[PDB]
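Let's start with one chain on its own, the form deposited in one PDB entry, as structure tokens.
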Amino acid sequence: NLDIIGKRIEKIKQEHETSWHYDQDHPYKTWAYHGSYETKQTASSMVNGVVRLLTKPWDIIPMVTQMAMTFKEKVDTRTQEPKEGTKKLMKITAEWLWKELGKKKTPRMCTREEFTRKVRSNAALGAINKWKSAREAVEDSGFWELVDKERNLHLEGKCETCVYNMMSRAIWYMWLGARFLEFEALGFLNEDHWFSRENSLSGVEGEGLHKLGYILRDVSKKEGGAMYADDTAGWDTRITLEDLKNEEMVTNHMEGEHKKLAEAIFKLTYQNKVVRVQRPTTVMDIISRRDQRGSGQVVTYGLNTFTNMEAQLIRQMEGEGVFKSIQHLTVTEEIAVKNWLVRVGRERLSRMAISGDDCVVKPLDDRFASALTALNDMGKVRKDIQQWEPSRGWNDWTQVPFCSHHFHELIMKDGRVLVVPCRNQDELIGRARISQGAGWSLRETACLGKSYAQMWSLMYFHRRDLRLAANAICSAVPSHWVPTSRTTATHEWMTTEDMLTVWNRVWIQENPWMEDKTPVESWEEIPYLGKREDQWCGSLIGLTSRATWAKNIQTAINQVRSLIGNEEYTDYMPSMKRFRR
């Protein structure tokens, strides 16, 4: 408790000594509360006018238009301690999994140089004054002296400045210095691809949306039961102190300074947290707790993948009858669990696709469906089903939800097979119509529109409305203007290369599931979904609104070209049969 967090709490007190006060009307039940002080401040979603002017039929579709308009009683809940048998299964599994992930990888520190390069190319590092932006702090030796002071404090096993700022979501911003120290110690998990499919067997880190359907189809080829895709209710809030101790065992594979710097992140910032929260009644609350997930988003992704892989292997063990009860593992159940892992562990990992809190599992058989005691006792309670009701599985890989998508098998006129990503088209159009942040020029707004258009051409070319809208936006934005994003899966659409050349490289040349490497010479060789399937997944094909939009698209393109002004444009519409004379 307060020996580890006191220094941080002490330092904050003094900077607001004029305002400090132990409030009595504090709303916290499960957070430890320490004091309050005076503040006064809050970024809503803005519309992208280039994309909206070129998607007129969607102006009257509420699922699209409502997306642009506008639980913290889950952060203030508690998770019970797992039983002794559960804690044993988790420790054995976690020990075994870090060894497997570490067989072909070497833990190592990430560098100031590496951190500086990621800040100077727009990452979402989630930092918060003294310098304007992160770009400025990073080019100033004063910052690195602050970093140095905290760094030596961490080697000494103590913390002064690593404090969270709060804002079914929750993003915990720290100052850039704290982020550096986190990245220095644990950045290797992402930077060296510990959760790649080749390294982790269950993982999909660095797999583009163009690979995920092929991966699910490969899992479907295994003998076994249904495919299960159970979502957890509020994964980050169900991370237990036992979970955080099993994650910290990655430090057992480290040495020297690195080992000590990583041990300090886990001990001082993850297993003990200090957070500042805006309360309207406007004070700042300084609260603490030991458990739940609060790390940078990239480290959170890798540790969520780790703990999800562990939890799903244990649910598979329960279904296969490896252990009888979570109350207590006998001496010989421990050896049975260890022996299962050594004997079939890697095969069972290959039966899963795991992306942080999101999973798909094809178990050995459907006993998995009702194997719920370990999963419930680890606190990974399933969303939108009663605690003890058996899971409903999927009989067809093309129906399974994963990473907010489903996947279609699409046969090209020439016989080759594409496995393509898909989601309801209202969600895709409604997201492309939204920007984040202030001070967008017309050129910057146009370049963000172009980024969405090129993603659609690469991932969603099979949706009639999106191929047409993508061609229209690319015709409306100057040909040489570079696609942009403010928060940056692989992003092959972020380029000024011709999109047909990029399509060929992604779907044909570099596609390990495509044996025939014959290049496609035109967009007309590239197929669509069936017309009825396109409607099922939200197409407006068949509506009068959509027909008038498609017929008159050159008028929409010319409206946007007139706003942007006298620039160099390319007509991409004749790449589609109906505008090709």
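Between two forms, the rigid core is defined as the largest C-alpha subset superposing within 1.5 Å. Numbering starts at 1 and follows the sequence shown.
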Checking the other PDB entries that cover both flanking residues: does residue 487 lack coordinates in at least a third?
yes
Residue 553 dropped from a third or more of the other entries of this protein
no
Taking residue 488 and residue 489 as adjacent modelled residues, how many residues of the deposited sequence between them have no coordinates (none, 1 to 3, 4 to 9, 10 or more)?
4 to 9
Can you tell me how many deposited residues have no coordinates between residue 387 and residue 388? The categories are none, 1 to 3, 4 to 9, and 10 or more.
none
Higher-scoring stretch by recorded Cα B factor average, 335-343 or 297-305
335-343
Comparing 246-254 with 353-361, the higher average Cα temperature factor in the PDB entry belongs to 246-254
Among 415, 321, 483, 157, which residue carries the highest C-alpha B-factor recorded in the PDB entry?
157
Can you tell me which of 168, 240, 479, 404 has the highest Cα temperature factor in the record?
168
Split into thirds by Cα B-factor across the chain's modelled residues, where does residue 517 land: lowest, middle or highest?
middle
For residue 457, the third of its chain into which the C-alpha B factor falls
lowest
By the record's CA B-factor, is residue 35 among the lowest, middle or highest third of residues in the chain?
highest
When the modelled residues of the chain are sorted by Cα temperature factor, does residue 570 land in the lowest, middle or highest third?
middle
Sorting the chain's CA B-factors, does residue 221 end up in the lowest, middle or highest third?
middle
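Unshown form deposited in another entry; subsequent notes refer to it.
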Taking 2 Å as the cut-off, check whether the CA of residue 510 shifts that much or more between the shown form and the other one after a rigid core fit.
yes
Quick check on residue 112: with the core superposed, does its CA move 2 angstroms or more between the shown form and the other one?
no
Verify the C-alpha shift of residue 532 between the shown form and the other one: is it 2 Å or more after superposing the core?
yes
At a change of 3 Å or more, would you call the C-alpha separation of residue 142 and residue 121 in that other deposited form closer or farther than in the form supplied?
closer
Given a change of 3 Å or more, say if the Cα atoms of residue 495 and residue 138 sit closer or farther in that other deposited form than in this form.
farther
